[PDB]
Amino acid sequence: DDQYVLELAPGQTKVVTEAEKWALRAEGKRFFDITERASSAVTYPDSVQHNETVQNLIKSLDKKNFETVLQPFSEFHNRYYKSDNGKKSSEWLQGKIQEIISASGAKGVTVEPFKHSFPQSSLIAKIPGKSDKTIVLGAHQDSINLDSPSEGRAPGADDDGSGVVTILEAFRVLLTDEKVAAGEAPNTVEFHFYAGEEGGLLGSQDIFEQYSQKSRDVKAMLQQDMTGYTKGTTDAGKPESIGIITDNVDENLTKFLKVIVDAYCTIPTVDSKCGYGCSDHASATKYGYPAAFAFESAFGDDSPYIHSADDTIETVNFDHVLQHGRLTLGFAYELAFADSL
Ligand SMILES: *[C@@H]1O[C@H](CO)[C@@H](O[C@@H]2O[C@H](CO)[C@@H](O[C@@H]3O[C@H](CO[C@H]4O[C@H](CO[C@H]5O[C@H](CO)[C@@H](O)[C@H](O)[C@@H]5O)[C@@H](O)[C@H](O[C@H]5O[C@H](CO)[C@@H](O)[C@H](O)[C@@H]5O)[C@@H]4O)[C@@H](O)[C@H](O[C@H]4O[C@H](CO)[C@@H](O)[C@H](O)[C@@H]4O[C@H]4O[C@H](CO)[C@@H](O)[C@H](O)[C@@H]4O)[C@@H]3O)[C@H](O)[C@H]2NC(C)=O)[C@H](O)[C@H]1NC(C)=O
Ligand SMILES: [Cl-]
Ligand SMILES: [Zn+2]
Ligand SMILES: [Zn+2]
C-alpha cells in the first residue's frame with residue numbers, strides 16, 4: 001500500500017507501486033489501471049452520402065482556432081489527473097466548450113463534467129438527435145511528465161492537446177449546421193474529453209463501464225491521440241499520412257474510417273498496431289462498443305517529446321491538425337445521419 005493493479009494483457013494482472021507504474025510507462029508498456037475494479041455487429045455505410053454538405057462545412061474549419069486554444073491549454077504547468085492543475089485545466093476546457101455552445105444558440109446541446117475519484121473530471125458534450133443511438137468522438141485532456149508526474153512540467157501539446165483542439169473545432173463547426181443544432185439528426189453525437197488517460201485509461205473506463213451498465217447504445221467511437229507531429233514523417237522522407245490503428249478496434253468501423261479519410265482528407269492512410277491499453281478506444285472496446293483510432297503518423301514516426309517538458313506547441317503542425325479536423329467532421333456528420341446503424 002499503495003498497491004496499484006494493472007492489466008497489461010487480456011486477463012493478466014500485476015500489482016505495482018506508483019513508481020513502478022510510471023517506470024512501465026517509460027518503457028512503452030500500456031495497461032488498464034483496474035485497481036478500483038479489480039476483477040474487471042454494426043454495419044456501416046459503404047460510401048459517403050453527405051459529401052456536398054460536409055465539403056461546405058469543411059470550409060468553415062479555421063486552423064487559427066486550434067492554436068488559439070492549444071497555446072493556453074499547454075500553459076497549465078501540467079494537466080496531471082491527480083493534481084489540482086488537472087482540475088483547473090478541465091474546468092477551463094469546460095468553459096471553452098460552453099462558450100461554443102452558448103454562442104451557437106443550440107437549445108438542446110450541453111456539456112457536463114463526469115466525476116471521478118481524482119480531481120480532474122472528464123467532460124461530455126452532447127448533441128441530442130432523434131434516437132439514442134450514439135456516435136462518440138474522443139480525445140484525452142490530461143498530460144503527464146513521466147520523470148515527475150505530480151509536479152513536473154507537462155505542456156502536453158501533441159499528447160493530447162492536439163486531439164482535444166481537433167475535436168473541439170469539429171464540434172464548433174458541426175453546430176453551424178441548422179439540422180444538427182436543432183436535434184434533427186437521426187442519431188445522437190457526443191464529444192468526450194477523457195480525464196486520467198495517462199494513469200491507465202481511468203476516465204474512459206469509468207465512462208464506458210457506466211454506459212454499459214445503463215445500456216447506452218454506442219454505435220461508433222473514434223479516438224484521436226496525437227494528431228499534430230509530422231516532422232518525424234518528413235525527416236524520414238515518407239508521405240504525410242493519417243495513421244490508422246488496427247488492433248483492439250472494430251474491423252467494420254475501421255473500414256468506415258478509411259472511407260472517411262479517402263473522401264474528406266487530402267492525405268493517405270497508413271496502418272499500424274499500438275498494443276494493449278493503448279488509448280481510450282481500448283476502454284470502449286473492453287466494454288463491448290465498436291471503436292476506431294486515428295493519429296498523426298506511421299509507426300515509429302510519432303512525437304519523441306511526449307511525456308516530457310518538451311511536448312510543446314512548437315512541435316505541432318497545424319496544417320496536419322486541420323486534416324484530422326476534416327476527418328472528425330466527416331465521421332461525425334456521416335454517422336449522425338446513418339439511420340441504419
Ligand atoms: C465531394 O464534392 C467535391 C466538391 O466539393 C468533389 O470535388 C471533386 O474532387 C475530385 C477528386 O478529388 C476532383 O477531381 C480531380 O480534379 C483535378 C482537377 O484539377 C484542375 O486542374 C487540372 C490541372 O490543371 C493545371 O494543369 C493544366 C495542365 O494541362 C493546365 O492547363 C491548367 O491551367 C492548370 O494549371 C486540370 O487538368 C483539370 O481540368 C479538368 O477539369 C476541368 C473542370 O471540369 C475541365 O474543364 C477540363 O477540361 C479537365 O477535364 C482541373 O481544371 C484533376 O487533376 C483530377 O483529374 C485526375 O484524376 C481523374 C480521376 O482519377 C483522371 O480521370 C484525370 O485524367 C486526372 O488524372 C491525372 O492525375 C492523376 C493523379 O491525380 C495521374 O495519376 C494521371 O496520370 C493524370 O495525370 C480530378 O479530375 C474535382 O476537381 C473536384 N471538384 C470540385 C468541384 O471541387 C469530390 O469529388 C466529392 N467527393 C466524393 C463524391 O466522394
Ligand atoms: Cl501516449
Ligand atoms: Zn495520449
Ligand atoms: Zn501519453
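Just so you know, all these numbers are worked out from the coordinates, no wet-lab data involved. Using ideal geometry, Cβ is built from the backbone for each residue, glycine included, and neighbour counts are taken over all protein chains shown.
Residue exposure proxy: 306, 34, ordered by other Cβ atoms within 10 angstrom of their Cβ from fewest to most, comes out as 34, 306.
Within 10 Å, count the other beta carbons around each residue, average over each peptide in 133-146, 41-54, and list them highest first. Let's see the in-between values first.
Working: 133-146: 26.6, 41-54: 13.9.
Peptide ranking by packing, descending: 133-146, 41-54.
Neighbour counting of Cβ atoms within 10 Å sorts the residues 242, 260, 58, fewest neighbours leading, into 58, 242, 260.
Listed by chain and number, the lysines whose alpha-carbon sits under 25 Å from that of residue 255, ignoring those within fewer than 8 places in the same chain, are 133, 219, 238, 273, 286. In the stretch 4-337, taking the dipole from charged Cβ atoms about the Cα centre, the farthest positive-side position among 270, 145, 13 is held by 13.
Quick check: from the Cα gyration tensor, does the stretch 77-179 come out rounded (a/c under 1.5), prolate or oblate?
Values: a/c = 2.37, a/b = 2.08, b/c = 1.14.
It comes out prolate by the Cα gyration axes.
Each of 313, 194, 157 was placed along the dipole of the chain (beta-carbon charges, centred on the mean Cα), and the one lying farthest toward the positive end is 194.
Nothing charged except the Cβ atoms of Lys and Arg (+1) and of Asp and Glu (-1): what's the magnitude of the dipole of the stretch 4-337 about its Cα centre? Round to the nearest 20 debye. Taking the Cα centre of the stretch 4-337 as origin, the dipole is about 760 debye. If only the Cβ of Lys and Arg carry +1 and only the Cβ of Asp and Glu carry -1, the dipole of the stretch 83-233 around its Cα centre is close to 520 debye. Based on the Stokes-Einstein relation at 4 °C and a viscosity of 1.567 mPa s, and on the Kirkwood radius from alpha carbon pairs, the chain is assigned a translational diffusion coefficient of 66 µm²/s.
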